[PDB]
Amino acid sequence: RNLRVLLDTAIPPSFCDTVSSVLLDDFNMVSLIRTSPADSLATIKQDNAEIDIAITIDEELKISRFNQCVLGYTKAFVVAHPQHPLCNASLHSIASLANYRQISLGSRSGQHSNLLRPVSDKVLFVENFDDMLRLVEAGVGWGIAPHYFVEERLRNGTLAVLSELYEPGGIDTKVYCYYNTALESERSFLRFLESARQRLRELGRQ
Ligand SMILES: FC(F)(F)c1cc(NCc2cnc(-c3ccc(Oc4ccccc4)cc3)s2)ccn1
């Protein structure tokens with residue numbers, strides 16, 4: 001009937017709004033929460049919070065009271081400041097990157113998903129992407145960010161990309177939809193999945 005829905009901050013706005021309208025058509029009351037992917041799963045697991053659907057890039061199989069399925073995809077970029085050493089290098093390996101400071105989401109204390117697990121031994125953590133980019137643009141290091149976030153800075157030369165040999169066009173990242181088990185049998189939920197997936201496909205095409 002009613003729904004509390006979490007969407008992590010790597011899910012682009014177009015994607016969010018898509019999920020929003022589908023859920024508002026197929027459900028009654030809809031509430032949204034936004035969190036960094038580092039805190040996405042960590043949030044829903046709290047028995048205290050009552051989140052019924054959670055849409056995030058963070059991977060985790062067997063979570064209590066929740067299912068998993070794939071809703072769509074999003075693309076992320078390895079970015080650094082344009083005069084950063086790694087940009088004047090052209091060549092790319094994960095070791096070349098590991099010898100420099102990563103600016104990464106998450107808190108050092110705690111189980112870091114293999115997704116947000118820093119690659120460098122020299123890391124500097126942040127709470128959100130705004131802060132991450134503050135440091136990157138100040139040449140303090142390099143980071144991983146959503147496309148929608150850094151599109152602007154890349155258009156404007158503010159910011160470079162280090163991932164264009166690894167995966168041209170950025171790094172495809174699954175978007176998982178962890179759904180409370182009680183919804184498995186709700187035809188409203190199944191309709192939502194169907195419609196949101198179709199729309200997101202038509203959108204990814206564009
Ligand atoms: F949310 C968000 F921001 F999109 C986001 C998505 C994520 N997805 C999974 C990945 C985690 N590490 C990825 C990665 C890192 C460094 C790479 O370096 C290079 C460079 C050039 C040649 C070879 C290797 C390549 C791939 S991909 C992770 C974190 N954050």
# chains A, B, ... in the order shown; residues from 1 in each chain; ligands from 1
$ residues_near_ligand --ligand "ligand 1" --cutoff "7 Å" --atoms "only C-alpha atoms and all ligand atoms" --output "JSON, numbers by chain"
{"A": [10, 37, 57, 75, 76, 77, 78, 92, 93, 94, 97, 115, 116, 144, 145, 146, 162, 163, 164, 165, 166, 171, 173]}
$ select_by_dssp --residues "range 46-105 of chain A" --states "strand (DSSP E or B)" --output "list in words"
residues 53, 54, 55, 56, 63, 66, 70, 71, 72, 73, 74, 75, 76, 77, 78, 79, 80, 102, 103, 104 and 105 of chain A
$ write_last_selection --atoms "C-alpha atoms" --output "PDB file, in the first residue's frame"
ATOM      1  CA  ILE A  53      12.253  -0.852  -1.867  1.00  0.00           C
ATOM      2  CA  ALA A  54      15.874   0.185  -2.199  1.00  0.00           C
ATOM      3  CA  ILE A  55      17.548   0.988  -5.500  1.00  0.00           C
ATOM      4  CA  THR A  56      21.339   1.109  -5.403  1.00  0.00           C
ATOM      5  CA  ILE A  63      20.049  -9.866   2.843  1.00  0.00           C
ATOM      6  CA  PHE A  66      14.730  -8.399   1.112  1.00  0.00           C
ATOM      7  CA  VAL A  70      18.385  -5.863 -11.614  1.00  0.00           C
ATOM      8  CA  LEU A  71      16.453  -2.730 -12.643  1.00  0.00           C
ATOM      9  CA  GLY A  72      18.934  -1.114 -15.010  1.00  0.00           C
ATOM     10  CA  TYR A  73      22.459   0.260 -15.463  1.00  0.00           C
ATOM     11  CA  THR A  74      24.392   3.442 -14.816  1.00  0.00           C
ATOM     12  CA  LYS A  75      27.840   4.566 -15.909  1.00  0.00           C
ATOM     13  CA  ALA A  76      30.653   5.882 -13.709  1.00  0.00           C
ATOM     14  CA  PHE A  77      33.943   7.670 -14.472  1.00  0.00           C
ATOM     15  CA  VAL A  78      37.396   7.585 -12.944  1.00  0.00           C
ATOM     16  CA  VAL A  79      38.123  11.304 -12.746  1.00  0.00           C
ATOM     17  CA  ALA A  80      41.104  13.401 -11.668  1.00  0.00           C
ATOM     18  CA  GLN A 102      42.054   7.791  -3.964  1.00  0.00           C
ATOM     19  CA  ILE A 103      39.233   9.980  -2.752  1.00  0.00           C
ATOM     20  CA  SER A 104      36.512   7.421  -1.995  1.00  0.00           C
ATOM     21  CA  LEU A 105      33.073   7.219  -0.418  1.00  0.00           C
TER      22      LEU A 105
END
$ closest_residue --among "A:191, A:205, A:84, A:112" --to "residue 161 in chain A" --atoms "only C-alpha atoms"
A:84
$ closest_residue --among "A:190, A:14, A:29, A:21" --to "residue 206 in chain A" --atoms "only C-alpha atoms"
A:14
$ residues_around --residues "residue 129 in chain A" --least-positions-apart "2" --cutoff "8 Å" --atoms "only C-alpha atoms" --output "ChimeraX atom specification"
/A:105,126-127,131-133,145,149
$ write_last_selection --atoms "N, CA, C and O atoms" --output "mmCIF file, in the first residue's frame"
data_model
loop_
_atom_site.group_PDB
_atom_site.id
_atom_site.type_symbol
_atom_site.label_atom_id
_atom_site.label_comp_id
_atom_site.auth_asym_id
_atom_site.auth_seq_id
_atom_site.Cartn_x
_atom_site.Cartn_y
_atom_site.Cartn_z
ATOM 1 N N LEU A 105 34.158 7.220 -1.393
ATOM 2 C CA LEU A 105 33.073 7.219 -0.418
ATOM 3 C C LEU A 105 33.344 6.201 0.677
ATOM 4 O O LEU A 105 34.273 5.391 0.588
ATOM 5 N N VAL A 126 35.232 10.316 2.108
ATOM 6 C CA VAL A 126 34.307 11.442 2.112
ATOM 7 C C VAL A 126 32.895 10.886 2.227
ATOM 8 O O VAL A 126 32.655 9.693 2.020
ATOM 9 N N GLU A 127 31.946 11.780 2.502
ATOM 10 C CA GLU A 127 30.576 11.398 2.799
ATOM 11 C C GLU A 127 29.685 11.451 1.581
ATOM 12 O O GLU A 127 28.630 10.827 1.577
ATOM 13 N N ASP A 131 31.759 16.672 -1.787
ATOM 14 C CA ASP A 131 33.079 16.696 -1.147
ATOM 15 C C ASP A 131 34.132 15.925 -1.966
ATOM 16 O O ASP A 131 35.278 16.384 -2.137
ATOM 17 N N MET A 132 33.790 14.732 -2.446
ATOM 18 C CA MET A 132 34.761 14.000 -3.256
ATOM 19 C C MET A 132 35.318 14.880 -4.377
ATOM 20 O O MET A 132 36.540 14.917 -4.619
ATOM 21 N N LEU A 133 34.421 15.570 -5.105
ATOM 22 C CA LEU A 133 34.863 16.396 -6.232
ATOM 23 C C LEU A 133 35.609 17.643 -5.755
ATOM 24 O O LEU A 133 36.583 18.063 -6.388
ATOM 25 N N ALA A 145 33.159 8.567 -9.859
ATOM 26 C CA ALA A 145 31.947 9.364 -9.730
ATOM 27 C C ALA A 145 30.914 8.949 -10.757
ATOM 28 O O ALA A 145 31.260 8.410 -11.806
ATOM 29 N N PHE A 149 26.988 13.288 -12.495
ATOM 30 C CA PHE A 149 27.638 14.241 -11.585
ATOM 31 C C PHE A 149 28.702 15.083 -12.292
ATOM 32 O O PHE A 149 28.740 16.315 -12.159
#
$ select_by_dssp --residues "chain A" --states "alpha helix (DSSP H)" --output "PyMOL selection string"
chain A and resi 13-26+37-45+94-98+129-137+147-155+187-205
$ residues_around --residues "residue 25 in chain A" --least-positions-apart "3" --cutoff "12 Å" --atoms "only C-alpha atoms" --output "list in words"
residues 1, 18, 19, 20, 21, 22, 28, 29, 30, 188, 189, 191, 192, 195 and 196 of chain A
$ closest_residue --among "A:111, A:179, A:187, A:117" --to "residue 44 in chain A" --atoms "only C-alpha atoms"
A:179
$ atom_distance --atom1 "CA of residue 194 in chain A" --atom2 "CA of residue 31 in chain A"
20.3 Å
$ atom_distance --atom1 "CA of residue 151 in chain A" --atom2 "CA of residue 134 in chain A"
15.1 Å
$ atom_distance --atom1 "CA of residue 183 in chain A" --atom2 "CA of residue 46 in chain A"
18.3 Å
$ closest_residue --among "A:7, A:24, A:159, A:69" --to "residue 39 in chain A" --atoms "only C-alpha atoms"
A:7
$ closest_residue --among "A:142, A:100, A:176, A:27" --to "residue 60 in chain A" --atoms "only C-alpha atoms"
A:176
$ decode --residues "range 13-107 of chain A" --atoms "C-alpha atoms" --output "short mmCIF file (atom, residue, chain, number, x, y, z; two decimals), in the first residue's frame"
data_model
loop_
_atom_site.label_atom_id
_atom_site.label_comp_id
_atom_site.auth_asym_id
_atom_site.auth_seq_id
_atom_site.Cartn_x
_atom_site.Cartn_y
_atom_site.Cartn_z
CA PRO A 13 17.98 12.09 -11.73
CA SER A 14 16.28 10.84 -14.93
CA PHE A 15 16.38 7.34 -13.50
CA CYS A 16 15.07 8.52 -10.12
CA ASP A 17 12.13 10.45 -11.60
CA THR A 18 11.29 7.42 -13.78
CA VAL A 19 11.11 5.11 -10.76
CA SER A 20 9.17 7.85 -8.93
CA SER A 21 6.33 8.18 -11.43
CA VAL A 22 6.04 4.43 -11.94
CA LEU A 23 5.79 3.89 -8.22
CA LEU A 24 3.28 6.68 -7.72
CA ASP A 25 1.04 5.24 -10.44
CA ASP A 26 1.28 1.66 -9.22
CA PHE A 27 1.23 2.50 -5.48
CA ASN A 28 -0.55 4.85 -3.13
CA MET A 29 1.74 6.82 -0.82
CA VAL A 30 5.39 7.02 -1.76
CA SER A 31 8.27 8.40 0.28
CA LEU A 32 11.83 8.80 -1.00
CA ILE A 33 15.18 8.64 0.77
CA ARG A 34 18.54 9.43 -0.78
CA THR A 35 21.86 8.09 0.52
CA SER A 36 25.35 7.58 -0.81
CA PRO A 37 25.83 4.04 -2.12
CA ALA A 38 28.10 3.41 0.88
CA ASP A 39 25.14 3.84 3.18
CA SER A 40 22.45 2.44 0.91
CA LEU A 41 22.26 -1.22 1.98
CA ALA A 42 23.50 -0.41 5.48
CA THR A 43 20.32 1.69 5.91
CA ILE A 44 17.62 -0.75 4.80
CA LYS A 45 19.03 -3.54 6.97
CA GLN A 46 18.23 -1.57 10.11
CA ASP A 47 15.04 -3.15 11.37
CA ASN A 48 14.22 0.31 12.77
CA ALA A 49 13.87 2.02 9.40
CA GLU A 50 10.97 0.74 7.34
CA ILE A 51 12.19 0.85 3.76
CA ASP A 52 10.26 -1.35 1.34
CA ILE A 53 12.25 -0.85 -1.87
CA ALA A 54 15.87 0.18 -2.20
CA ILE A 55 17.55 0.99 -5.50
CA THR A 56 21.34 1.11 -5.40
CA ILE A 57 24.49 -0.04 -7.20
CA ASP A 58 25.86 -1.82 -4.11
CA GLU A 59 25.83 -5.62 -4.47
CA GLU A 60 24.84 -8.00 -1.67
CA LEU A 61 23.30 -11.46 -1.89
CA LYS A 62 21.27 -12.93 0.96
CA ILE A 63 20.05 -9.87 2.84
CA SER A 64 17.44 -10.52 5.52
CA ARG A 65 13.84 -9.68 4.60
CA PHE A 66 14.73 -8.40 1.11
CA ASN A 67 15.07 -9.81 -2.41
CA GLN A 68 17.36 -8.67 -5.23
CA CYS A 69 16.84 -8.01 -8.90
CA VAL A 70 18.39 -5.86 -11.61
CA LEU A 71 16.45 -2.73 -12.64
CA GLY A 72 18.93 -1.11 -15.01
CA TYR A 73 22.46 0.26 -15.46
CA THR A 74 24.39 3.44 -14.82
CA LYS A 75 27.84 4.57 -15.91
CA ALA A 76 30.65 5.88 -13.71
CA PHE A 77 33.94 7.67 -14.47
CA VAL A 78 37.40 7.58 -12.94
CA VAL A 79 38.12 11.30 -12.75
CA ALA A 80 41.10 13.40 -11.67
CA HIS A 81 42.18 17.02 -11.94
CA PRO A 82 43.43 17.78 -15.51
CA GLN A 83 47.01 18.71 -14.48
CA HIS A 84 47.16 15.68 -12.16
CA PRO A 85 50.16 13.38 -12.78
CA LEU A 86 47.99 10.53 -14.03
CA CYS A 87 46.54 12.65 -16.85
CA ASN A 88 49.93 13.40 -18.39
CA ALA A 89 50.40 9.63 -18.63
CA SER A 90 47.98 8.43 -21.31
CA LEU A 91 48.53 4.80 -20.28
CA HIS A 92 46.39 3.13 -17.70
CA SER A 93 46.58 0.23 -15.29
CA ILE A 94 45.11 -0.29 -11.88
CA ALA A 95 48.64 -0.20 -10.42
CA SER A 96 49.45 3.21 -11.94
CA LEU A 97 46.33 4.47 -10.16
CA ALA A 98 47.06 2.64 -6.89
CA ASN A 99 50.23 4.67 -6.28
CA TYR A 100 48.16 7.86 -5.88
CA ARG A 101 45.58 8.93 -3.35
CA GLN A 102 42.05 7.79 -3.96
CA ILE A 103 39.23 9.98 -2.75
CA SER A 104 36.51 7.42 -2.00
CA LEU A 105 33.07 7.22 -0.42
CA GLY A 106 32.48 5.25 2.76
CA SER A 107 33.75 5.31 6.31
#
